[PDB]
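The block underneath contains the structure these notes are about, expressed in structure tokens.
Number of protein chains: 2
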Amino acid sequence: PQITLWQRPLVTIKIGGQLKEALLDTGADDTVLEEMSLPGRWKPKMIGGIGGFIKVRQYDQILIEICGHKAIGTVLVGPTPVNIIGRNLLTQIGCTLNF
Amino acid sequence: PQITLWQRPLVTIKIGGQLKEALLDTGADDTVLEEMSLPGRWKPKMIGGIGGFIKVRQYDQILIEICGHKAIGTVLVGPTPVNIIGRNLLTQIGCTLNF
Ligand SMILES: Cc1c(O)cccc1C(=O)N[C@@H](CSc1ccccc1)[C@H](O)CN1C[C@H]2CCCC[C@H]2C[C@H]1C(=O)NC(C)(C)C
Numbered sequence: 001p002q003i004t005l006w007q008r009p010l011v012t013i014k015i016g017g018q019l020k021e022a023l024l025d026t027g028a029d030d031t032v033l034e035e036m037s038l039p040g041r042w043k044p045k046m047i048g049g050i051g052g053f054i055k056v057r058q059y060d061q062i063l064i065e066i067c068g069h070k071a072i073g074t075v076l077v078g079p080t081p082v083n084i085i086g087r088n089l090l091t092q093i094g095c096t097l098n099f
Numbered sequence: 001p002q003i004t005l006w007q008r009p010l011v012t013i014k015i016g017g018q019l020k021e022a023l024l025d026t027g028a029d030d031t032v033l034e035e036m037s038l039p040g041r042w043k044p045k046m047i048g049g050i051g052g053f054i055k056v057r058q059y060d061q062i063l064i065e066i067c068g069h070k071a072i073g074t075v076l077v078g079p080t081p082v083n084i085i086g087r088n089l090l091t092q093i094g095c096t097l098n099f
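From first to last, the protein sequence lines stand for chains A and B.
Start counting the first sequence at 1; every next residue gets the next number (PDB author numbering).
Start counting the second sequence at 1; every next residue gets the next number (PDB author numbering).
What follows is the structure, encoded as structure tokens:
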């Protein structure tokens with residue numbers, strides 16, 4: 001798809017069998033989702049953005065579908081205001097910025 | 001142009017005759033630039049990112065040129081680590097996310 005930006009670029013993703021809405025974010029290096037239980041062992045991690053750092057659980061090799069495209073990568077779970085799909089998964093689905 | 005996301009999408013912008021590097025961010029609703037003295041009055045404002053809120057100065061009707069493309073809109077100036085070009089300006093240059 002070609003997504004314009006007059007509105008936030010939110011899309012439906014499927015992860016752990018659940019549908020969730022998430023923001024395509026070229027400014028985020030990582031993918032950070034709201035608190036949820038995923039299978040797998042996880043590692044504590046710290047990530048920062050404007051405002052500061054937050055503690056997150058790092059899950060590796062998680063399967064996630066973004067608008068039907070499959071991606072398998074690291075997903076951070078923690079107290080984010082909104083679900084964010086960062087560059088580690090946007091590259092996997094072949095997403096580019098264009099003008 | 002088409003910018004891939006292997007690396008952070010940093011591009012050259014020009015504002016008030018000064019060239020600067022800035023991040024194209026579909027996740028940012030606003031444009032936030034590193035501290036700088038712009039003429040004009042401004043309004044105080046608080047914006048939140050991942051770890052919390054920061055105080056910024058809002059300036060209106062600022063002209064920025066992004067890869068030869070002019071945009072004019074509100075810019076927030078505050079102690080950010082990187083200049084962020086948000087959606088309010090990205091839409092003006094016809095920037096789309098494509099996959
Ligand atoms: C989540 C994340 C990472 O995993 C790794 C690197 C950066 C980020 C990150 O938070 N990036 C942000 C840019 S701010 C930024 C700060 C430093 C470096 C690069 C970008 C997001 O792209 C945009 N970010 C998306 C999202 C983050 C959760 C809170 C709600 C928005 C807030 C918005 C944001 O911060 N907006 C401002 C107007 C304050 C700029």
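For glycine and all other residues, C-beta sits at the position ideal for the given N, C-alpha and C.
Item	Value
So residue 67 of chain A and residue 32 of chain A are supposed to be a Cβ contact under 8 Å. How far apart are they, rounded?	Rounded, the Cβ-Cβ distance is 18 Å, inconsistent with contact.
Spell out whether any CB of chain B is found under 9 Å from the CB atom of residue 2 of chain A.	yes
Kindly indicate which three-state DSSP category residue 91 of chain A falls into: helix, strand or coil?	coil
Answer yes or no: do residue 30 of chain A and residue 76 of chain A have a C-beta to C-beta separation smaller than 9 Å?	yes
So, for residue 63 of chain A: in the same chain, excluding its five sequence neighbours on each side, which residues have a beta-carbon less than 8 Å away from its beta-carbon?	15, 70, 71, 72
Which of the three DSSP states is assigned to residue 36 of chain A in this structure?	coil
Classify residue 4 of chain A: buried if its beta carbon has 16 or more other beta carbons within 10 angstroms, exposed otherwise.	exposed
Is residue 57 of chain A close to ligand 1? I mean its beta-carbon at under 8 Å from any heavy atom of the ligand.	no
Name, please, each residue of chain A whose Cβ falls closer than 8 Å to the Cβ of residue 29 of chain B.	8
Is the beta carbon of residue 27 of chain B less than 9 Å from the beta carbon of residue 24 of chain A?	yes
Who pairs with residue 61 of chain A in a beta bridge, going by DSSP?	None, per the DSSP bridge assignment.
Give me the subset of the segment 52-65 of chain B whose CB atoms are less than 9 Å from a CB atom of chain A, sorted by chain position.	52, 53, 54
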